[PDB]
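J.: Protein chains in written order, with full-length UniProt numbering: chain A, 1 to 297; chain B, 103 to 106, 111 to 259, 264 to 372.
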Ligand SMILES: C[C@@]1(O)CCC[C@H]1n1c(=O)c(C(F)F)cc2cnc(NC3CCN(S(C)(=O)=O)CC3)nc21
């Protein structure tokens, strides 16, 4: 990098390190993701190839921009736009104060626009967690880290099982479903909506069975009525305790009726009935932020 | 849109992906040392390696598209470079599409020593940099998947007969072996192959195209369709370690080279 000066390490994963970097002659600050190729027995990792190609076709104001890809000697640098903070650091800094309801509603609205754009382009993110949601000082929030993202077919086929971070993993994944698609991202966004409201992870499990039981304790143990096919799923056990669904006035006390309605539709057990990102945008909870558009036909 | 996110929005993004991924039917004119049959023997061989490693039809079609689109950026490729360009297109495709793709050494091994792991690593970077990292096309087989679901109507859960999918896929595999297929959009080719196994009514219902949109590709595909009919279509195979509901998505190989002569 003959013009980007590395200023600070901001991230680390299996495939490389992320740096804050400042352009010397411009003062343009970017995020540099370095992938060392000389250490990989399989060349450019599948995660780097998927992230690059998927991001070249996903330009949206609520999706972190991939500015450039550079091959240098035994390295691959991905240049991204820089955002000064993630939603996890912001929720933690506001844990005693709270996040004002209009900012919660605005961040949710924007995340849903970024997500509806992904889903309409047949892209599943599959790693929605507060640390992958980046905020700026101008009220914007964007989706970042498409390293676990995947293009999906219509119809979908059997994909990678072990796919979302535990606390944000949808129950159809935990119960061993053969198929999944866009509804897994909506479940993670529902968990984050509640986390913004209470400043506590909604379902903070320490294992797969514990994650399922925390979900069941809040939403009630699903049955064939609320979720046709639950009892025939690979990891369903008739021995599961039978908890009653808790009232959302206790689950998310600062939330209003419209907020509670939207949250319950994003956390619907049945992936086929769970609200889509496009339909979530039309929910009355956002009526004071968006105006409906005239529909042809 | 033939589909029942917004129906027209998802469908228009799909149609506008063929309009951004450009491919030319006479790319072998930029490589005067090459003949159209060299491409056919290469793609046919790539199908056989796909079947050996139980790779998905999607990863064959990604490799086919990376190869044809990569050659449009190059010039003066020799017959001896072909095996490396193809096996490296398949390496990228399998890493993008499979959950547990074959290791780099398996890709080097299948070339019988003609391509080393380091040559494949050098080639995959040349390929990906020349394609400007545009590695997410809507392949020919991906359109067939879309059409087969709408025929048997939820569009995201796979609900359709496996054996019929295999018979249409078999026809597309022959047509892709001919460079003139690249004149027709990928969605047009899949709809035209589907038409040969059904009708314009089923075609229009599952694909949204009118018969005038498809008419030219249908007439071009005519000889390929009769050679398959003359021989009798294949039966759905079973593959060990591959679930039954996914068996139709595994790439297969047959005497398509002989069939292509007619
Ligand atoms: C998504 C990640 O958070 C995971 C770890 C590295 C991050 N990262 C990326 O991975 C990518 C791209 F490579 F995906 C782009 C990117 C851009 N800008 C920032 N800005 C940072 C946000 C977090 N903060 S913080 C701790 O809240 O002060 C410091 C500044 N980070 C980014």
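Beta carbons: idealized from backbone N, C-alpha and C, even for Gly.
(1) By the 8 Å beta-carbon criterion, what residues does the region 49–64 of chain A contribute toward chain B?
(2) For the region 79–162 of chain A, which segments carrying the beta strand (DSSP E) assignment without a break, of at least 3 residues, lie completely within its bounds, in sequence order?
(3) Where residue 347 of chain B and residue 341 of chain B are concerned, what is the direct C-alpha to C-alpha distance, given to the nearest angstrom?
(4) Mind checking if residue 350 of chain B is an interface residue toward chain A, Cβ cutoff 9 Å exclusive?
(5) Any heavy atom of ligand 1 closer than 8 Å to the CB of residue 89 of chain A?
(6) Compare the C-beta of residue 112 of chain A with all C-beta atoms of chain B and state if any pair is closer than 9 Å.
(7) Show which residues of chain A have a CB atom less than 8 Å away from the CB atom of residue 112 of chain B.
(8) Does chain B have any CB closer than 9 Å to the CB of residue 19 of chain A?
(9) With 7 Å as the C-beta to C-beta threshold (strictly closer), list the residues of the region 235–252 of chain B near chain A in chain order.
(10) Quick check on residue 41 of chain A - is its C-beta less than 9 Å from some C-beta in chain B?
(11) Would you please verify whether the beta carbon of residue 262 of chain B is less than 9 Å from any beta carbon of chain A?
(12) What's the gap between the Cα of residue 264 of chain B and the Cα of residue 319 of chain B?
(13) Spatial neighbours of residue 194 of chain B within its chain, please: CB distance less than 7 Å, with the 5 preceding and 5 following residues excluded, ordered by chain position.
(14) For the region 150–173 of chain A, which residues have a beta carbon sitting closer than 7 Å to at least one beta carbon of chain B?
(15) Using a Cβ-Cβ cutoff of less than 7 Å, which residues in the same chain neighbour residue 358 of chain B once the five nearest sequence positions on both sides are dropped?
(16) Please classify residue 214 of chain B as buried or exposed, where buried requires at least 16 neighbouring CB atoms within 10 angstroms.
(17) For residue 97 of chain A and chain B, any beta-carbon pair shorter than 9 Å?
(18) Suppose you measure from the CA of residue 4 of chain A to the CA of residue 77 of chain A; what does that come to, to the nearest Å?
(19) Run through chain A and tell me which residues come within less than 7 Å of residue 356 of chain B, C-beta to C-beta.
(20) Taking Cβ to Cβ, would you say residue 11 of chain A is nearer than 9 Å to residue 35 of chain A?
(21) Residue 164 of chain A and residue 179 of chain A - do their beta-carbons sit closer together than 9 Å?
(22) With a CB to CB cut of under 7 Å and the five nearest residues on each side skipped, what residues in its chain are close to residue 258 of chain B?
(23) Kindly say whether residue 71 of chain A, judged by its beta-carbon, lies nearer than 9 Å to any beta-carbon of chain B.
(24) Just tell me which of B:123, B:192 and B:198 has its CA closest to the CA of residue 147 of chain B.
(25) Under 7 Å Cβ to Cβ from residue 60 of chain A, same chain only, skipping five residues before and after it: list those, please.
(26) What's the gap between the Cα of residue 236 of chain B and the Cα of residue 123 of chain B?
(27) Beta-carbon of residue 266 of chain B versus every beta-carbon of chain A: anything under 9 Å?
(28) If you draw a straight line from the C-alpha of residue 283 of chain A to the C-alpha of residue 259 of chain A, how long is it?
(29) My guess is that residue 141 of chain B and residue 290 of chain B are in contact by the Cβ rule of under 8 Å, so how many angstroms apart are they, rounded?
(30) May I ask you to report which of helix, strand or coil DSSP gives residue 23 of chain A?
(31) If you pair each beta-carbon of the region 45–52 of chain A with each one of the region 22–30 of chain A, do three or more pairs fall below 8 Å?
(32) Please give me, in chain order, every unbroken run of the alpha helix (DSSP H) with length at least 4 that falls completely inside the region 316–358 of chain B.
(33) Measure the alpha-carbon distance for residue 113 of chain B versus residue 103 of chain B and round it to whole angstroms.
(34) Should residue 301 of chain A be counted as a contact of ligand 1 given a C-beta to heavy atom distance under 8 Å?
(35) Which stretch, first to last residue, makes up the beta strand (DSSP E) that contains residue 8 of chain A?
(36) Near residue 86 of chain A, what residues of its chain come up, given a Cβ to Cβ distance below 6 Å and the 5 sequence neighbours on each side ignored?
T.: Put simply:
(1) 49, 50, 52, 53, 54, 56 and 57
(2) 133–135 and 141–143
(3) 18 Å
(4) no
(5) yes
(6) no
(7) 120 and 278
(8) no
(9) 235, 239, 240, 241, 242, 248, 251 and 252
(10) yes
(11) Since chain B is numbered 259 and then 264, with no step between, residue 262 of chain B has no place in the structure shown.
(12) 21 Å
(13) 226, 229, 230 and 233
(14) 151, 153, 154, 155, 156, 157, 158 and 160
(15) 272, 275, 276 and 346
(16) buried
(17) no
(18) 11 Å
(19) 157 and 158
(20) no
(21) no
(22) 269 and 270
(23) yes
(24) B:192
(25) 114 and 117
(26) 18 Å
(27) yes
(28) 9 Å
(29) Their Cβ separation, rounded to whole angstroms, is 14 Å, which puts residue 141 of chain B and residue 290 of chain B out of contact at 8 Å.
(30) strand
(31) no
(32) 321–341
(33) 7 Å
(34) For chain A, the structure presents residues 1 to 297; residue 301 of chain A sits outside this window and is missing.
(35) 4–12
(36) 131 and 134
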